[PDB]
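Results of the structural survey
In case you want the letters, here they are:
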Amino acid sequence: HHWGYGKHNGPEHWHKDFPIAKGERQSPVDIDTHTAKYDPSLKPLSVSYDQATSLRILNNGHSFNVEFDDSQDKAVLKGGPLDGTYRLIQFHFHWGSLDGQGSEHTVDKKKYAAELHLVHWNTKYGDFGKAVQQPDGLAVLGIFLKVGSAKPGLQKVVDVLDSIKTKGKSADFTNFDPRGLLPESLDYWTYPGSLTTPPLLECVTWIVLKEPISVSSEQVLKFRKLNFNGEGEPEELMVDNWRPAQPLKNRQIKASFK
Ligand SMILES: [Zn+2]
């Protein structure tokens, strides 16, 4: 039926509707710390989220994402392994039924409690729609969440979730500065991949940060109260909305740090 994260419509069934699920540059992957190659040519990430314009927060039945106004070159990402400018369009998360799982990428098979994705599209393509048709159309910044002390910047997100519990619910979410979601260090691993949810197009350059951000179990707990279902339907908890590691195939993961 329609895709989901369930046993009958989840990850292992996607290939029937999206044959590319069995492609050559599918994401996510496991990051083996000693087959990853340090590449000294990799420049540092250049982030300019100081003029980001959040618009709203929405539960789409798969996750919840915050939309931004990507009309101007306000919040852009560049540097790193990228050529050109990428515009921030939205961010969302993946989490699990328990703290010990939830991230999509793993480091040496280690899973994190969650994973945040800041999605950006290559401006030379004119728009998000055309960009996803290109192998270099999107740049996704991936950030791991570990349970520890609270992240002050995630507090505003965690608090509004209550009012968008079921699929279809939206809320004006203005003035949220995504800079409070970033770790101290910008060291990263990078590899060519895909979108982790259908259509699973292989149009993404992945940038996964080495340093995870800490969030309190209190904060993580709130993600688990969202529902996959719409209002007035069989209540099914939004948990374990993550896709498992895919074969790395002929790819090499590069590290910006020795
Ligand atoms: Zn994602």
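Residues numbered from 1 in each chain as written, not as in the entry; some residues may be left out. Heavy atoms only, no water. Residues with missing side-chain atoms left out of burial classes, pairs and counts.

This deposited entry lists X-ray crystallography as its structure determination method and 2.2 Å as its resolution.

Points about the overall build of the protein chain
Looking only at helices and strands, the protein chain has three helices and 15 strands in total. Relative to a compact globule of 258 residues, whose C-alpha radius of gyration would be 18 Å, the protein chain shows 17 Å and is just as compact. Expressed along its principal axes, the backbone C-alpha trace of the protein chain runs to roughly 55 × 40 × 40 Å. Counted over contacts in the protein chain with a minimum sequence separation of 6, partners at least 24 positions apart contribute 71%. (Helix = DSSP H or I, 4+ residues; strand = E, 2+ residues; numbered from the N terminus. Rg over C-alpha atoms; globule rule 2.2 N^0.38 Å. Contact = heavy atoms within 4.5 Å.)

So, the coordination of the zinc ion
Within the protein, the atoms that donate to the zinc ion are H92 (NE2), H94 (NE2) and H117 (ND1), at distances of 2.0 to 2.1 Å. If you list the donors of the zinc ion from N- to C-terminus, the spacing comes out as H-x1-H-x22-H. You can see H92 sitting in strand 7 (residues 86-95) and its partner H117 sitting in strand 9 (residues 114-122), a full 25 residues away along the chain. Relative accessible area serves as the criterion here: at 12%, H92 is assigned to the buried category. Under the relative-accessibility criterion, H117 is labelled buried at 1%. (Donors = N, O, S within 2.8 Å, 3.2 Å for Na, K, Ca; no water. Buried < 20%, exposed > 50% of the residue type's maximum accessible area, 1.4 Å probe, protein only.)

A word on the packing of aromatic side chains
Applying the stated criterion across every chain, the model contains 14 aromatic pairs. Taken together, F64, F68, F91, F93, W95, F173, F176 and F223 form an aromatic cluster joined through their ring pairs. For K110, the ring lying beneath its charged end belongs to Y112, and the centroid distance is 4.3 Å. Over the ring of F257 we find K210; its NZ or CZ atom is 4.4 Å from the centre of that ring. (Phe/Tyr/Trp six-rings, centres within 6.5 Å; stacked < 30°, edge-to-face > 60°. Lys NZ or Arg CZ within 6 Å of the ring centre and 35° of its normal.)

Notes on the pattern of salt bridges
One pass over the full model with this rule turns up nine salt bridges. Between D73 and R87 there is a salt bridge whose closest N-O contact spans 3.0 Å. On the criterion of sequence distance, the pair formed by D73 in the loop between strand 5 (64-68) and strand 6 (76-79) and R87 in strand 7 is long-range, its members being 14 residues apart. Under the relative-accessibility criterion, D73 is labelled partly exposed at 43%. With a shortest N-O distance of 3.7 Å, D159 and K222 are connected by a salt bridge. Residue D159 is located in helix 2 (residues 155-160), and its partner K222 is located in the loop between helix 3 (217-221) and strand 15 (254-255); the two are separated by 63 residues in the primary sequence. Judged by relative accessible area, which is 46%, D159 ranks as partly exposed. Residue classification places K222 among the partly exposed residues on the basis of a relative accessible area of 25%. (Salt bridge = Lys/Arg side-chain N within 4 Å of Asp/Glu carboxyl O.)

Remarks on the UniProt feature "binding site: substrate" in the protein chain
What UniProt calls "binding site: substrate" maps, in this numbering, to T196 and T197. Residue placement: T196 occurs in the loop between strand 12 (188-193) and strand 13 (204-209). Relative accessible area serves as the criterion here: at 5%, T196 is assigned to the buried category. Excluding its chain neighbours within four sequence positions, the residues that come into contact with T196 are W14, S27, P28, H94, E104, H117, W206 and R243. At 2.7 Å, the side chain of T196 and the side chain of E104 are in polar contact. For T197, the location among the structural elements is in the loop between strand 12 and strand 13. Ignoring sequence-local partners within four residues, the contact set of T197 consists of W3, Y5, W14 and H94. (UniProt positions renumbered as here; feature names shortened; annotations may be inferred. Polar contact = N/O pair within 3.5 Å; in protein donor to acceptor, adjacent residues only side chain to side chain.)

Some words on the UniProt feature "active site" in the protein chain
In this structure's numbering, the residues bearing the UniProt feature "active site" are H62. If you trace the backbone, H62 turns up in the loop between strand 4 (54-59) and strand 5. Using a relative accessible area of 17% as the deciding quantity, one classes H62 as buried.

Considering the environment of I164
Relative to the elements of secondary structure, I164 occurs in the loop between helix 2 and strand 11 (170-172). Judged by its relative accessible area of 0%, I164 is buried. In this structure the C-alpha to C-alpha distance between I164 and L226, which are 62 residues apart in sequence, comes to 7.6 Å.

So, the environment of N65
Tracing the backbone shows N65 in strand 5. Exposure remark for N65: the relative accessible area of 10% places this residue in the buried category. Each C-alpha atom of the pair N65 and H117 lies 9.4 Å from the other, and the pair is 52 residues apart in sequence. Sequence-distant contacts of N65, that is, excluding residues within four places in its chain, are made with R56, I57, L58, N60, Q90, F91 and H92.

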